[PDB]
Structures are given as structure tokens and as C-alpha cells.
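*Asks:* Attaching a single structure in C-alpha cells format; questions to follow.
Protein chains in written order, with the working numbering: chain A, 1 to 49; chain B, 1 to 48; chain C, 1 to 571; chain D, 1 to 571.
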């Protein structure tokens, strides 16, 4: 996901886990879940999810 | 082409352009085998 | 364990199968028409009533001497459709490590005790006879109602194992002979070799691939006396491949030069060729016993040394060009500056031979892989048993000698009609242990076939990966301050990284090698018993006079020439 | 052993000496004129009648409480003129190794039992009192009839040790006070530091050199009220040097940046400075106890952090140019291509400081070397005793705490009049063990003096040897999968190769380091008790306005601004 950091707005640096990042970083990784299913369980309920 | 680089070199290359965190998302189908189960996620979006 | 009973559903997608019922039905159906209906007993052992990890079937048969009955069984665990074993945490010098396991790791003493109890319940009791286990093999492929061929093959293997056990244990009392070289006295043995490395490989009884770079066939030649017809009868076959072992020579230790066959070698030579045997099986012989295995070993050794015929494997591999089995990767060893493997597909055979002579020792090491379970593991377990020569038992005068050593020595002596005893001293080594545990399995090749996992060797690492991986692989094969589990972990990690985790493991094997002096004595003893062999496929005028060099007079005796013509003692 | 008696000769070149007779005579001669003639007892133990390895002398003195007598002894083995110990073969993971030994390795429990028996025979019997050992020191230099000064110094050391033991054991019943910071309430403490690295070094009681790169002196300032005279009174001194520890930062593990004092550091920083204390001794104080040691520690910590005063040692060393202590060797660490240490003798101080800021962490680690025997080993053994916080003894509710930890905590709390207890939690760590055994000894320097063997450190290896040796040295200092004997062997081998075998070893030492949180709490508690110090020797206008930056208004609250203005639900 495209997500540039704006330093020119007189804001503080971007901190991830309390640590600053290099000025060239501009993309945010994202994990997308596509499916979930049982293997040896007979029943699949919201708690199993 | 990065097929001739070692793993640490590729990791260092990636550290210059990507944020070191992950966003968790999910695709909810409008109909399917488990749509009845997964429709609970959209239902919780409106708190009040 | 009982989650399904608690949270239950009416219709289930997983129901399981009945492999033991399917296999037993096929075997009985095959036997119902022959005359051996009553010679076999089938015993079903399942975890619901015995403490066993997998469903198994036992094939039993008996023999009677005097008034006593003796029973022998062949065990077949069926594991298709089960989850693979997890990793086990062990204790190391630094900390904890996780070690891979496979199916055979669960077959301990408890399993043997349970199988024996089931067998005794089958025959009637302890008073009805005696029972012993004759073999074991794991079946990893599914058994359906359309698997008649596999059932017939498994039944044949069980029958051969049981019959051989009966012979070895009670031949003298039952008058059963065994193979020896005297039965080949009135005919002419021959041999042949095939080098093939592209395409499908050999397969085992279950159906899994086996590495077969080199194949040797031993036959018998026949001619009709009056009608002049020609024919041959094929006896036994053997498969294997060629590997490399790092072994630098140290001149700086003020030692003498390394001599091979009494000849010095160039200073740049640092790798030792090694031959690894992967399988051996009969062709038209009905029975396969340890003596037949000795015959196969003799034939293979004679063929592979016929004019350096083993180097033809590397020369043939060099013709494909750049690839995982290219011998041109040794150019990087020879010259450090060279960083890319060399292409030798446009060189003549003698040029390639000359190139190889600068980096390899001119001798061969004979080794063998012994599986922990399989079709012929019962036969091949005799090699590990002979590794320990002496039981440390107290001796009145001369130390006691173990039983496995005795069995192997007796086989060698009986095949050659008693000449081995006169050639080799009783008590000298026959077999050495390397200490390496090798995995067995398969993976998907880019040509559409399944290939043996043993394709990953030193040459593969030289051609495919970087030098750090090569160093790590060789180190796990050679270092003496590493335990077995540590070596297993190192090799497993490298294979998993190279293949991206897309492979399947089926078993384990251990590697042993023979003593060269014992092998030379065996060849000489076989010759002294009247046995000769004629290889038929070995390939490779020259100007000059060769006899003139040997007739030169160098030096003469020196007696033919006329001979020419205070402080210390002070006190 | 009795070869000389068998093959004997009338005149012998080796006759030996009587060190115990010489030393005892000198001590008694010194005491014969004072008023303490009857306060001391001298006991001679020799191998001819007791099971001891060396000739030893014991100095004893007593104290009486009630009707009971208590006796304390100081032990002095004399080893000049004997052959050095041989190497001992040990067991390793791979095989056998030969480990060096020195004089102290022979002083085991049997030696202690024999010394105690001799002491009991001296005083009359078990019914005449009780005996305890108060200290131990090995004398490696010869004693002749012209060694009065050495005898007097040894007697003084023994007296101080015995008196301190009596105080610690029986002060409450005997009414004996101990030092604390309340006695410095009406005066002004001061401190001074000297950086010297060329020439002679400091010496111990026997006369062997001690590494003294940094020396700190703690004094007291006095002014006469009416006459206005000025004077100072010197109390205690401390010596030590600066070392380096390899400690790379790993950014690739997806962790946060390394923060020192809440500030990030440049990516090229990879070495951690370390301060090692080598000795501490009194100057004009007659008594030296654990409380006095605490005062010395407080003074040293306060002085070394006064405006980065410790980096002045490296800056001063950089002025000599190319040599074994040149900090310019770190240029090879910074840039790989650079292969020769840099010369920094023509740079200004700020330039050198800027160069150092690119490779070093801006903090200091406090460590100490504890000798296994020596003049003050009885005092300094309390540091190792506090390393184990908890005895694993079963607890009704709260786990039991050990006695050594209690003693160290009590000393810290008593010196500061009970403020340390309010600042630091009871049961938190105070001391860590590194696990490294360090040799003690000396060698011949090219300037004509004997130098401490502790001159061989990381910087020496960087400047003198090749990078492989540097890697081996650091690895023996840091790897956790190496036993103690293996590290000792590795370091011994490197030193022997560098010095060509021309050196002498005298003893052993172990290295410990303090907890930084405990040290900060100790400094704060000392301040809260009314104690202040004024360093007098610390060195290091600037344009600009520094207060203007702090008065800038950055941001304001956002509340001051006016605010603007089917499938899922199907069933």
C-alpha cells in the first residue's frame, strides 16, 4: 500500500516500535487472508475461527 | 534482478523501502461455503 | 483426542479406509487357486486391541523338525493416509536442538513384544511351537481394490525371506543346499555395464525411485552342442553412483609423498573418488540369499576395475554441458581465480581424462548404503553386525570373536570353497563404520518425474550453490567432533533451503565401507576356485615398440673392475 | 627421589637456603625494641614434618572475650628457588588437553587442614582457644639477611588483616567502630587523576609491576581558621586501564535502534569501552577495611564520569604515534580497504574525539580483577561471594537470601548511613560473573624495565599481529560454548607465540563487573548523606546563545480552533 511520509509539514518523524525509519521508506506491507477451513475437526464454528 | 544475491543482502535492500510492520486484513465473500460464519466481521463495524 | 465426540456433527468428510482388509483379501484371492492354500497364516494387528502405532499385517509360515514346530513371520506396517511425525527435542553441548524423525523411528522394543504376542495367539500357544520375526518393511502407498500386482510382489518377497531363514537355521538337519561357485564350473560367466543419467530411474518394490547412474548385470553364456544355438541367462543386477570426498595431502608435515600403487601423484590432487552401492536384486533366479549377494559383489568389483571403467561415468556426464552433474566444476578447485564452472562438451575423451588426472586420486573406495527397513534389510543387516570383531569377554588365552564377524567370514569362505581362509588371516578387519545417517525420499524433477533425494551430493553443491554451503556440507560429512544428531540437523537444513521445502522423506540408511585388503583376497580366492569372468561392454592403434624399453641393461656389478693398488691419549 | 643418596658425591654445588629462618629472624629483630614483643606468635611449617608443598611461616595473634580466646593467623608460603609446576592433562569434548598451572593451584583442602593442625599445636590445644585463617599470600622473591624493609612491610600487612578480622567478627561485643561518610561532614573532599603510560609502572608488596594507565587519588582539604594555612591529607588511591569489547549491533533482526542515554548512535559503532580496576591501597590511613574500599569506589566513579574524563586516556595515548597502544588501529575496523593503522599525532583533540565518536559507544563498563591470593585478597573475596543471590533452600513463603550478598549489601548501606536501602530494592543484582580466568606475571620490556603481562589486550593485537589472531583472542573472551580450561589454553598459546616464550607467570585472577543500576543508586545515596566531591584536575569560549533554544514554543492544543460544521443483513 502506497503511504508516503510527509516531513515538510513540520511534524515529528515517523516512529515504528519507537524507532525512526529511513527517509526513503514509502510502502506499507499488508497481509490478506483468503480462506480458513478445518482439517480433522468435524465442526467449524466462530470459536474455531 | 536479485537472483544472485544472498538473503541478508535482499533483506537490507528491502529495509530501505518498506515499513517494518504488518497490517492484518481479510476478504469476506458475499456468498459461499462459509459466508454465514464470516458475516459476523462486517456486523461488528458499527459500534453504536 | 476425543474432541469429535464432544463437538460432534452428523455427516463427516473424513471416514478413513481399511488397508489391512484390502491387502489380506487380495493375497487370499491370489492363493485360493494354487496348491499352497494352507501354507500361510495371516494375522491382523490393529491399535484398537494391541499397543502398536500403525495398522500392520503379518504373514506366517512354518516348518517341522522332529516333533517340534518352528514359525517365522514377515511384518508389514501400512502408513498411507496418516500425519507425518513431528520433530523431537534433544540435548546438545550448547543447548537444545530439534531433530527430524520418520516412520521407522516408532518401531521400538514394545512394538516387537506386541507383534510376538499376537503371533503366539495366532498359532495356539507357547506349547504349539516357537515364533520368530523374519523381516520388516513399511508400505507408504495406498492399497485399493485394484492393486493385485503389488500384493503379489509383497507375497513373493515374504515367501523368499521366510524360506531363507528356515534354510540358514535348519539346513544341516533338513538337508537344504546353498549357492557356491562350484555350480558355475561348466559354463562361461559374462558381465555388462550401462551408464544412463537422463530420464526415469530404477524403482523399489513400493514404487519409489532409486539412483542408478551405473548398472551392472551378471549373466551366464550357453551354447547348444549340436544345433549351435546361442543364448544367455541373466542372474543378478546392481546399481550405484560415484561421489567425491575431500582429502588434502599434507606435504608440510615433513612426511613422504603420497603413493598410489607405488606411484607418486601431482601436488594438486585433493579429491578421492567413491562408489556407493544402492541396490542389488535377482533377475531370473528365484532365490536370493547372502551367497548370491557375494556373487553380485564379486561381479561388480571385477567389472568396475576393467581398464578404469568407472571414470567413464564422469566422462559421460561431462557431455551434457552446464548442469548439476558437470565435472567441470573442479576447475574452480584447481585455479582459485576461476569463478565459473567450465564447459567441457567440446573436448575429446583423452583431453577430459587428462583434466581429471590433475585433481583426482587414481583409486576407488567401495561403500554401501544399508536401509533400516525395506525389502532386503533382513539380508543386508549382516554387514553392520560384522563391524565389531571382538566381544570383550574374558579369555583364557585368546580373545573371543563375535558372531556377526563369524557369519560374514563364513559366507565369504563358503562361496569360494575354502580358499578365502587360506588367503586372509582370521580376525583381520572386514568392514568399517563411517557414522553417517543418510535420509531416503523423493522430490519432483523439472522433467516430470520423481527423483531420488540422493541426487544432492558434493558435485550438486559445487554446481548450484555458493562455496560456504559446500564447506558446510563437507564438514558435516567429515568432522569427528560432531554427534550424529548434529550432522543430521545440518544436512536437513541445507536440503530444505535448497529445495524450498518441497520434498518427502520416507526412511533412513547408514553408510559402511569395505577393507581393500579383504576385497583383494576375495578376488584372488575366487580365481583360485576356478571362476573367471569376461566383460563384454568395456570400451578402450598406438605407435611405438613397448617391449624394447623392458630389455634395456641398466647397471652391472662393480666387482668386475680392477681395484686400485695427542691430548686424548696423554693419560 | 633418592637418586643423590644412591649415586652420591662428597661436594655438592646446590645446598639450598633457609628462607623461613631468615624471615622469622628479621621480624623478631624488628619487634624486639617496641612494646608489642608478646603480641605475636610465629609458627614454622616445613614439609619434613607436615604434609605441605612449600615452606611456610604463620603469624598469629589473639583476642579475648569473656573467658574465651580467639586466634587468627596469616599464612606466607615462600617459593623462591623451586622448580615451576608442570602442566596437567585434562579431559575435553574432543580429547585431552594440557593446562598450565602456577603456585596457587597446589593450595587445596589438605594444606588448610595441615596449617590448622600446626596452629593448634602452637597455642596448646583445643581447650586453649579457637583458631581461624585470616589471609594468604605467596612470596616469589628471595629473602636474604639484607631484606629488612620487605619483612617490615609483610608484618604490617599481616597485622592489618588480623585486626580487621577481629573487628568484623567481634566489634559489637568489643565496642570497635568502623568508617562511614559521617566522619567527613566538616571538611571538603577533593580528587585528582593522572594519565601516565611511559616509563616505570606501579609495584605490589613483593615488587612486581602493576598496570597503572589511570591513577585516581582521593584527599581531604583543610584550612586553618585564624592563621590561614592550607594543607591536604591523602586517603586512598586506585589504578586501572581501559579495554575494548566487540559488540556489534544487529539492525536486520527487525528490532529498534540501539539507544544510549535515550539517544541513537551511528550505524558504524561496534566497540564497547571497559574500565578494569587493578589495585586499591591506602596512603595515609593506617587501616584498610571494606568500608574504605567502598569510599575508594565512590571516588573513582565520580571522577571518571566528570565530563568524559576517561576518553582522555585514549586521546593521550594517540599522541605517541605508531605503537602498541595506538587508537588509530580502529581505522581498519571503520573502512575495510584500509590495511595499515593510522597516525593521529598531528590532529587536534577535537578531531580525535570526533574520530572516536564513530566507532565507540558513549558509556563505560566497570569491572575489577580479583586475585586468588595476595595482599588484599582476603578483603576482595567479598565480591565473588555476592554473585549468588539465593540459596535454593526451601522457603515457607519467601526464598532465603545468601550470606555474601547480605555482607555486600550491608557494607553499601552502612557507609551511606542507611540511604542505600531506601534507594535500591533488597534482592536485586549487584555483581555479575564473566567466567574468564586471567594470568598474572611479567616480562622484559625494551626500555629496560619489567612490565605487567596485562599489557597484552585487544589493541595490542590489532597493532602488532594479523587479523586471525585478533579473531581468536576475542573469541576466547566471548564465546559461551567454551569451557574455562579451553579459554585458558587458547590465551596461553597466543601469548607464548607473541613473546617467544620469554615471560614468567606468578598467579591467577578472575574478572567481575558491577550492575549499573546499583552504582547509580549508590551515587545518589552518597549524595543524600551529605557527601560532595570536587575534582581538581579535569580539563575541558564558545559562541552562541544556549538559552534561546529551550524557550521555543512548538505546538498548541487543537481545541482552540472552531470545529467544522445487503447480503449480510438479508437473513
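Virtual Cβ for every residue (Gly too), placed ideally from N, Cα, C.
#1: Of all the residues that make up the region 21-37 of chain A, which are near chain B by a beta-carbon distance shorter than 9 Å?
#2: May I have the straight-line CA-CA distance separating residue 245 of chain C from residue 535 of chain C, to the nearest angstrom?
#3: What separation, rounded to the nearest whole angstrom, lies between the Cα atoms of residue 397 of chain C and residue 284 of chain C?
#4: If we cut at 8 Å on Cβ distances, does residue 8 of chain C have a partner in chain A?
#5: Output, in chain order, the set of chain D residues within a Cβ distance shorter than 8 Å of residue 11 of chain B.
#6: If you follow the beta strand (DSSP E) that residue 473 of chain D is part of, which residue opens it and which one closes it?
#7: Taking a contact to mean a Cβ-Cβ separation below 8 Å, would you say residue 44 of chain D touches residue 31 of chain D in this structure?
#8: Give the straight-line distance between the Cα atoms of residue 88 of chain D and residue 108 of chain D, rounded to the nearest whole angstrom.
#9: According to the Cβ coordinates, are residue 278 of chain C and residue 240 of chain C closer than 8 Å?
#10: Could you give the first and the last residue of the continuous beta strand (DSSP E) run that contains residue 296 of chain D?
#11: Using a Cβ-Cβ cutoff of 9 Å, what residues of the region 456-486 of chain C are near chain D? List them in chain order.
#12: Consult DSSP for residue 442 of chain C and reduce its assignment to one of helix, strand or coil.
#13: If the cut is a Cβ gap below 8 Å, which residues of chain D does residue 86 of chain C touch?
#14: Taking C-alpha atoms, which residue in D:384, D:386, D:401, D:76 lies nearest to residue 392 of chain D?
#15: With a threshold of 8 Å between beta-carbons, can residue 567 of chain D be considered close to chain B, or not?
#16: Between the Cα of residue 321 of chain D and those of D:425, D:463, D:358, D:236, spot the shortest distance and give me the residue it belongs to.
#17: Rounded to whole angstroms, how far is the Cβ of residue 151 of chain D from the Cβ of residue 304 of chain D, which I believe are closer than 8 Å?
#18: Determine, using beta carbons only, whether residue 217 of chain C and residue 186 of chain C come nearer to each other than 8 Å.
#19: Can a CB atom of chain C be found closer than 8 Å to the CB of residue 15 of chain A?
#20: Anyone know if the C-beta pair for residue 405 of chain C and residue 399 of chain C falls short of 8 Å?
#21: Any C-beta of chain A within less than 7 Å: which residues of the region 12-30 of chain C qualify?
#22: Please work out which residues of its chain come closer than 6 Å, Cβ to Cβ, to residue 326 of chain D, disregarding the five sequence neighbours upstream and downstream, and give them in chain order.
#23: If the cut-off is 7 Å on Cβ atoms, which residues from the region 27-43 of chain B count as contacting chain D, listed in chain order?
#24: Using a Cβ distance threshold of 8 Å, determine whether the region 250-270 of chain D contacts the region 12-23 of chain A, with at least three qualifying pairs required.
#25: Between residue 93 of chain D and chain C, is the shortest Cβ-Cβ distance under 8 Å, so that the two count as touching?
#26: Could you tell me how far apart the beta carbons of residue 383 of chain C and residue 512 of chain C are, in whole angstroms, since I believe they sit closer than 8 Å?
#27: What are the residues that DSSP puts in a beta bridge with residue 508 of chain D?
#28: I need the straight-line Cα distance from residue 41 of chain C to residue 532 of chain C, nearest angstrom please.
#29: Under 8 Å by Cβ, that's how I've got residue 461 of chain C and residue 495 of chain C pegged, so tell me the actual separation to the nearest angstrom.
#30: Would a check of beta-carbon distances place residue 18 of chain B closer than 8 Å to chain A?
#31: Interface residues of chain G around residue 46 of chain A at Cβ under 7 Å?
#32: Could you check what DSSP says for residue 321 of chain D in three-state terms: helix, strand or coil?
#33: By DSSP, does residue 61 of chain D sit in helix, in strand, or in coil?
#34: Below 8 Å between beta carbons: does that hold for residue 433 of chain C and residue 407 of chain C?
#35: Do you know whose CA, among C:269, C:315, C:301, lies nearest residue 333 of chain C's CA?
#36: If I measure Cβ to Cβ from residue 144 of chain D and keep anything under 8 Å in the same chain, skipping five residues before and after, which residues do I get?
*Replies:* Looking at the coordinates:
#1: 21, 22, 24, 25, 26, 27, 28, 29, 30, 31, 32, 33, 34, 35, 36, 37
#2: 29 Å
#3: 49 Å
#4: So yes, residue 8 of chain C belongs to the interface.
#5: 252
#6: First-last for residue 473 of chain D: 467-478, but that is the alpha helix (DSSP H), not the beta strand (DSSP E).
#7: no
#8: Whole-angstrom Cα-Cα distance: 16 Å.
#9: Remark: C-beta atoms of residue 278 of chain C and residue 240 of chain C approach each other more closely than 8 Å.
#10: Not the beta strand (DSSP E): residue 296 of chain D falls in the alpha helix (DSSP H), residues 290-304.
#11: 480, 481
#12: strand
#13: Under the 8 Å cutoff, chain D gives no residues; its nearest Cβ is about 27 Å from residue 86 of chain C.
#14: D:401
#15: yes
#16: Closest option to residue 321 of chain D, Cα to Cα, is D:463.
#17: So it is not a contact: roughly 37 Å between Cβ atoms.
#18: no
#19: no
#20: no
#21: Here the close residues are 12, 14.
#22: 341, 463
#23: 30, 31, 39, 42, 43
#24: yes
#25: Closer than 8 Å to the CB of residue 93 of chain D there is at least one CB belonging to chain C.
#26: 6 Å
#27: D:439
#28: 44 Å
#29: Between residue 461 of chain C and residue 495 of chain C a beta carbon distance of about 11 Å is seen, past the 8 Å cut, so the two are scored as non-contacting.
#30: yes
#31: Given the protein chain composition of this structure (A, B, C and D), no chain G is represented.
#32: coil
#33: Residue 61 of chain D falls in the strand class under three-state DSSP.
#34: Their beta carbons are not under 8 Å apart, which means residue 433 of chain C does not touch residue 407 of chain C by this criterion.
#35: C:269
#36: Correct list, in chain order: 22.
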